[PDB]
Amino acid sequence: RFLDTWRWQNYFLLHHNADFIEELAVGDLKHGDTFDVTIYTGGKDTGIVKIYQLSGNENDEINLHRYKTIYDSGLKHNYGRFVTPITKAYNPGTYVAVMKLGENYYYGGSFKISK
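In this text, residue positions in the sequence shown follow the UniProt record's numbering: the first is 42, and each later residue adds one.
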């Protein structure tokens, strides 16, 4: 029930518009694990990664709900490092990591978070 500003807030639309990148495809995670990815982000924009939960009715226009916003915490030139712990605050379910870089969007496909 929290609002978000990114362009794609529905998984179907995200999957049919954003670019899939393997660096964001972490696989299934369990509470206690850590999300930690390094991605090339170029020479003119700095990326931001969000973890959204996929939930809702099939009729809902919005089925992506933001759980975390992650900033680049690395020191590597033209790359971004995005790290966040998978705590119990992430209710078991299906999630997706999305990166906004300038006006473009990237994602790692859906994955599960389990107890």
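We treat Cβ as the ideally placed atom computed from N, Cα and C, and that holds for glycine.
Query, Result
"For residue 44 and residue 148, which I take to be in contact (beta-carbon distance under 8 Å), what is that distance rounded to the nearest angstrom?", "The Cβ separation is near 20 Å, so there is no contact."
"Check this for me: beta carbons of residue 139 and residue 131, under 8 Å apart or not?", "no"
"Using the C-alpha atoms, what's the distance from residue 46 back to residue 106?", "11 Å"
"Just the Cα atoms here: how many angstroms apart are residue 57 and residue 49?", "10 Å"
"By how many angstroms is the C-alpha of residue 141 removed from the C-alpha of residue 89?", "6 Å"
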